[PDB]
Each structure stands twice: as structure tokens, then as C-alpha cells.
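S.K.: Turn this into a model:
(chains A, B, C, D, E and F)
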Amino acid sequence: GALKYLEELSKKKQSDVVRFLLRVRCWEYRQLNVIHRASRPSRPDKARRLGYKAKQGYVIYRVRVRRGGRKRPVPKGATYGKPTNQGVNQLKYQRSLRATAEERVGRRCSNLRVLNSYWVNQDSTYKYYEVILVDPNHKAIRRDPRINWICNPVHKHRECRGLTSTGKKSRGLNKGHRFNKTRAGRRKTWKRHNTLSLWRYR
Amino acid sequence: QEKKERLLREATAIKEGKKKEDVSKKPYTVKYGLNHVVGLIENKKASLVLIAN
Amino acid sequence: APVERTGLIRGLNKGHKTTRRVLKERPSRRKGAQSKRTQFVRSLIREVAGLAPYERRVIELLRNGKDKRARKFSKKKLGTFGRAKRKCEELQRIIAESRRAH
Amino acid sequence: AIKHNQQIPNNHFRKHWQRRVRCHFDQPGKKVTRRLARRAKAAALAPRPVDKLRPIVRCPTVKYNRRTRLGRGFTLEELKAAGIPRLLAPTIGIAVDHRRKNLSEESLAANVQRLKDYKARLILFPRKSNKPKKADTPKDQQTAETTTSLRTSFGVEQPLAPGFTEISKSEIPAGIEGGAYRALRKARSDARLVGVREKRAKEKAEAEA
RNA sequence: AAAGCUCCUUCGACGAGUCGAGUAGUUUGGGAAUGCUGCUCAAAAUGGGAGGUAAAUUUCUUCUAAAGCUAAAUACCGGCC
RNA sequence: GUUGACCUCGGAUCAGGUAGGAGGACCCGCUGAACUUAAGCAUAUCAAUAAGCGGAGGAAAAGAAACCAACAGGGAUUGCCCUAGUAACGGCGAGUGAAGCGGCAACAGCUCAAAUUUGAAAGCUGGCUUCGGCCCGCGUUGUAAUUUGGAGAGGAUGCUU
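M.R.: Numbering: from 1, shown residues only, chains lettered A, B, ... in the order given. See below for the structure:
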């Protein structure tokens, strides 16, 4: 239906119609708080594609981050080490800005579970995201078997354990000859290759 | 509330021995819903469309 | 029976003799085929959305101008030679439909 | 610090190897645990065989090309030829693999026969005793000797071809005209020059025109 | 009411600031650059990724990314025996 | 003008709920050294390790192919033996170092977006109830059934469950 056209329209992010509509919204933002509730999703097709539903227990939050690169925090510039690792300025963080946005929202809403997040807007010093949350204690959620798998006590705070979609990308969780060292867990395989096994009858 | 009477009307008839669609007639109503309406105009079945502003 | 194997290794058509057969095409291989439902949608959106700034520079330079420059410029934006060739060919169609229609 | 005629040593023992050493003192203790689990599982599946049916498959590399072994499951075309519904197969001990294809006809024929005779040896109890159905066993031949392994009773009969054959004289064939050694040399150089010869011949056609 | 099987003219919707490219840092056995992250540019419909040496032209093999769930074989004497 | 709606934003000791702390042997991530070796030393090594920080369970994690291959082709994940001190990296110095095939233990598969129920939102939280049901609300900016590429939809056709 109409949701199909929205998929096609959002692909052309450089057209005059779309470019104007992103500029006005970004000013509407940046005047509210850093983290605040959203009444309804601003991208109905994109949210629907990721599991969002229009029934009680589903909420949307949005947040922005600083859009830069990590600078090593040390007193002045001294590192007290060998010259190979005394750089301070051009270092990079090992997780995407999308992951940090999800993590701060989780601490704010400590009784919900994070499903997914998506890109909404960006600026010279900010990037905006919208996060989908699910209530695990609502009766209307525990009744439906398509989602009640999340109420189990094993899916607690999967934001910072690296279990969402962006967490699997930051790790090498893919098959093939390219993702060899990190297919099943980088630290797990390093243990396997470095263990010395002795049997009874050598 | 109106739907309840029609459903009860059907139940009495189906028990007597007369099948469904013999006591009710074809309905004529206005359509609504974004996905529902979009399909109607692609098949050239609609005659007039009103859009909110 | 596409091709008949020779029956000896280390040759132009080496292999072991066998009776090869033709099999029905799996549904997973129909990814790239066009559909009449998606062509209708993609044509309408192009009318509403319009063009992009980098396309507008090529399309003007493509007519009454160089053709090598229109392809050097397209590669620098899109990033690869294969995509640039296909994009330039498609824009040549839009100029043909516009002026030659009326 | 080498001192005499020695082999140059390479012992990867400069990390903290002592923190990760895995001795195996529970080899016999673990074995008892597995045997307790198998016989416990066999009791739960009282009349059924423990294992599942597998097809015959050839190894995928030029080395090991000769030998055969067991696979994972039967292709959807093999099941159709033998007249078994797709959904009913997994529930009567048959294993199905949906991502394998039958390129040749030799492999297809071997597996169909291997699956057809299994259907003849199957005894199928009815869902409800008081009301049997058409495909159920009519209760007369339900009492017979049964097998439980199904891996030894349905394993690969012979993986390799027979070691040799004996044939009468005057039936020995004649070799290639040039010889066996020269047939290989000619076939090797033909593939090397496939490109040079084709373009030289082709350009001559345009040269004359 | 719901479900299975055999055949067919025709239809057959399939995930975007993503894939990919340039540059910078780190890392790997990965070597004209294996994975990750920052910035600039930014796609397509028999299309797209891969085929361990950079580039152009012409063929071939194999799968269907950018949404999600799930027991067993494995680790451990920290807790209760 | 009066009055009645919609959207956004708030108050309340409103009704009902939920998170923190402990433990951390094993497990998922971030951050991150130097002593030492090279008979000096700066790339390198110790090490993608110690310390620091966040989050779970009796196991955790992984997982039903945008895979491996070049063959007469294999077919989700994890672990053991072998491949192998091998291909490859390295002031090509000291040193570092995987994967495919092969044998075995254990085996199990699946649901969402993209289609008009349109001849009938067919779906759900809550309150009261004699237990038969009623009332407000959420929801058409989309809640059930139907479909997931192995197909499937729409048509034919006779048996069976």
C-alpha cells in the first residue's frame, strides 16, 4: 500500500522535497532535551520493518550524540610509555555511535527492553536516533507468543552485552573465510588455540 | 451496537433452515484506511478522494 | 546434457564420464527480475522527487559536450567504474524521451 | 645458546602457558556417563530405532573422490520419486535435507532404491487402537523381530570399487594409437595454446575480408 | 470448518545515509591493504556479494546481505552434598 | 460569541506494577600497561595478557549459509583427533602462525516487512460482575487469519486426513 511508496521516497535523500523536510525537522530538534519521549514514530515504514507495533506496551524514545572521535583521556599529553603508543588525537572508538545512543536510553528506562534503533537525522556536531522499547511486564505482551520470548530472564539488558543488530556488526559474527578470528567469539577462540592438552596415554 | 442485532438476526435464521445472505442485503459504506484506500484507486474503483491537510 | 566429458584428466575438457541432467530452476534465483508492480511505483516517485545535484551536472554536460568527461566525473562520485557506466547509460534515456517526444 | 650439531628448536612456551593446561583424568568417568544416557534414551523410545535414515554421498575433493560415506538427508526430488509426503518424512525416522541437488543420474538412482526398500520394512502402529486406518498395520504382522541400530543394518555396503578383475585373454583392448604417455603430453599442450590458436585463426578471417 | 498429494497458460511484491569507493588509526598468518571505527561522496534490478595480486574487455561457478527465535554434545570445586 | 472535538505538554500521598545491592570460579563486551627477550635499542616480543568499568545463567555464547569449493561435487552450530609447527607474516633478525577436506560424540527445526477481511476490527488491556455477560478505553498513521524463496498466489482435479 502506501508504505511501499515511503520506502522508495526515503531512498532519494538528495531531492529538493526530502532535503527541505530534513532541514526543518533538525531545527525542531536540538531545542528539546537530549533524551525525550516521542509520541509516535516519525518513520512509520522503517519502524514497522523492525518489529514495531501499534499496541500498548510499545514506546519510542529519541536521543542525540556528539559526533566526533575519541580522544585519549590523560593528564595533559603524557602517557609514560614506549613511543609506539603515545598518540592522543587521532584514535577511534571501537563501537558505533548507534550503540552508545541505545545504551544511555536503557539507563533512563530501567524497566524496559531495547528492541532496535534507526538513523533519523544528523548535523555538523550531532547524530539523531530513535529507539524502540518493549514493556516486559504488561499483560498484553505476555499473551502473544510472537514476542513473549523477551520476558525471559536471559534477555536482561542486552544493550551492553552486544546482542542487538548493531552489536552483531561490531563483532565479526558472520560466516566465511573473511571472519575467521571472530566467528564464534574472539576471546573464546584465542583460548582454544592457546590451550595445551595432555591425555593419559601419550 | 448495531452489529450485535444483525449478528443475532443471522443466528435465528440459520437455525430455522434458511441460510445466510437471505435476510441481509448488500451494504454501501464509505471506505477508509490508508493502505485500503490506496489499493482501491490503483484498480480504478474509486470515484472521489478526500485528503486531510 | 550440456557438455560431454572426455574421460581423462589433464586436458581441455577433463572429467569423469557421467550422465548429466537438466533440473528445474529454483525460486531463489529470481532475485533480479523486474516486476510490473515495482516499475509502476518507481516511475511515479521519480516524477515527484526529481533529480539530484550530481545528476544535474552530468546530464547537462552529457548533451552538447564531451562524453569522456561525463564518465570521468561519474566515476569520481559513485566510486567505481561499473556503476558509473550503467548510470550514464540510464541518463541518456531521459534526454531521449524528453526532447524527442514533443 | 646452541653448542653442538643440533636441530634448531622452536618451542612456543614463552606466554603464560601454565594458566591453561587441560589434563584428562576424567576419561573413564565421562564414558560411564554417556552409556547411562544412551540406555536411558533407548528406554524412552521403546519400539523405535535410536538413529535416523541417511543417504549415500560421495566425497567432494579430487583426493577422496573414490570413497563414499553417509550424508545428512534426502533431497526433495528423491522423496517425490519414492512417493513420500514432505511433511510425513521427518516423523517416521527419515532425515530430509532441503539444500542439496541431484546434478547427475547415478546418485539419484542409488538413493531412491535405498529409500524404497525401507518403506517395505516399516511397521506403522495406528494412532488409536480401537479405530485403525487404511495405512496402518492390520495387527496381524505387528509381532516380528526388530532392529534398533539402523546404522549397522543400513550402512554403506561397500565404499570402494573391487580391487581387481579377471578376464579371459583375447579380450584385452588395444591402447590409444600414439600411446598412453603421448596422449597426456598432447592433451596438456592443447589447453595451453587454446587462446593463441583461436585468435590467430580468427584474425585471418577478417584479414582475408 | 480446516489439512495433504498430482498437473499448468500466466503471475511471483523480497529490508538505504545501507552496500560500495577514497582517506586516517588500530588489529590480524591476510601479503597494491583480513576485521573494526571516524570523516567526504553515495548506487542498482537478472540486480547484488564472493571466487586470497592492482587495471580494462569478454565468459563461467555459487549463494540471496542491511529484521528475529531455539534443546543436546562443551567450561568450571565459586555455592550445597 | 457560546459550546463541543483534535494534536502537543504538565500536576497529583490517583489505581496497579517494575529497576538498584550482594556474588562474580566459569561466561559476553569496553579500556589498557610495563618488567622481560632481542646479550645495547627505537619497529617487534611479553599481549590483542594483569589492573580498571558495564551486563547475565546453571551453563553462557553461537546457529538453520550473500558458506566451502573447482570435485563423479559437499550442506545449520559447538567440541575431540588429524591437517601442522604447514601456507603466510617478520630491523625476513629474535620470533610469530591459521583454514578447506577426513574420522567420531550429539542431532531439530523455524516467524516477521513487503498483497484489500472490505459482503461487515473478525483482535486486546482494565473495571464491574453472579459466572451470564456488560461498560469505557487502545486501535484504520493498521490489531487477528492468510504467505516467507524449500516457495507461494490464482486456477484445474479425485481421493484421503
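S.K.: check contacts around the residue most central in space within chain A.
M.R.: Nearest to the mean C-alpha position of chain A, by CA atoms, centre = their mean, lies residue A:99 at 3.5 Å. Residue A:99 sits next to A:164, A:166, A:167, A:170 when contact means CB atoms under 8 Å, 6 or more residues apart in numbering or on different chains. From N, CA and C alone the C-beta is placed, and that goes for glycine too.
S.K.: Test my guess that residue A:63 contacts residue A:131.
M.R.: Yes - with contact defined as CB atoms under 8 Å, residue A:63 counts as touching residue A:131 (6.9 Å).
S.K.: hey, what's in contact with both of those two?
M.R.: A:101, A:105.
S.K.: Looking at the two, which is more packed in?
M.R.: Set residue A:63 next to residue A:131 and count neighbours by other CB atoms under 10 Å in any protein chain shown: residue A:131 wins out with 26 against 21.
S.K.: Need the contact partners of whichever helix in chain C runs longest.
M.R.: Taking DSSP state H as the criterion, chain C has its longest helix at helix C:81-101. Here helix C:81-101 makes contact (CB under 8 Å, 6+ apart) with C:55, C:58, C:59, C:62, C:63, C:70, C:71, C:74, C:75, C:77, C:78.
S.K.: same thing but at 10 Å, please
M.R.: Here helix C:81-101 makes contact (CB atoms under 10 Å, 6 or more residues apart in numbering or on different chains) with C:46, C:51, C:54-55, C:58-60, C:62-63, C:67, C:70-78.
S.K.: Using neighbour counts, trim those residues to the buried set.
M.R.: The neighbour count (16 or more other CB atoms under 10 Å in any protein chain shown) marks C:51, C:55, C:58, C:59, C:62, C:70, C:71, C:73, C:74, C:75, C:78 as buried among the contacts of helix C:81-101.
S.K.: What ranges does chain C have for its helices?
M.R.: C:36-49, C:53-62, C:68-78, C:81-101.
S.K.: Go through the last one and flag the buried ones.
M.R.: The reference is to helix C:81-101. So, applying 16+ other CB under 10 Å, buried residues of helix C:81-101: C:84, C:87, C:88, C:91.
S.K.: what's the farthest-apart pair in those?
M.R.: Using CB to CB, the buried residues of helix C:81-101 span at most 11.0 Å, a distance reached by C:84 and C:91.
S.K.: re earlier: what about the helices of chain C, which gets the closest to residue D:153?
M.R.: helix C:36-49 (54.0 Å).
S.K.: For chain C, what's its nearest residue on chain D.
M.R.: Using CB to the nearest CB, the closest approach of chain D to chain C is made by residue D:187 at 4.1 Å.
S.K.: I'd say that residue and residue C:8 touch.
M.R.: Yes - using CB atoms under 10 Å, residue D:187 is in contact with residue C:8, at 6.9 Å.
S.K.: mind listing the strands for the chain?
M.R.: Since no chain was named, I'll use chain A. Using DSSP state E, the strands found in chain A span residues A:35-38, A:58-65, A:113-122, A:127-134, A:196-198.
S.K.: wrong one, I was asking about chain D
M.R.: Assigned by DSSP E, the strands in chain D fall at D:21-23, D:56-58, D:68-70.
S.K.: Name every strand pairing with the second one and say which way it goes.
M.R.: Based on DSSP bridges, the strands next to strand D:56-58 in the sheet, each with its direction, are strand D:68-70 (antiparallel).
S.K.: Pipe the contacts of residue A:99 into JSON lines and attach distance to RNA strand F and neighbour count per row.
M.R.: Below are the contacts of residue A:99 laid out as JSON lines (distance: CB to the nearest atom of the strand, whole Å; neighbours: other CB atoms under 10 Å in any protein chain shown):
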{"residue": "A:164", "distance to RNA strand F": "10", "neighbour count": "20"}
{"residue": "A:166", "distance to RNA strand F": "11", "neighbour count": "18"}
{"residue": "A:167", "distance to RNA strand F": "8", "neighbour count": "19"}
{"residue": "A:170", "distance to RNA strand F": "6", "neighbour count": "14"}
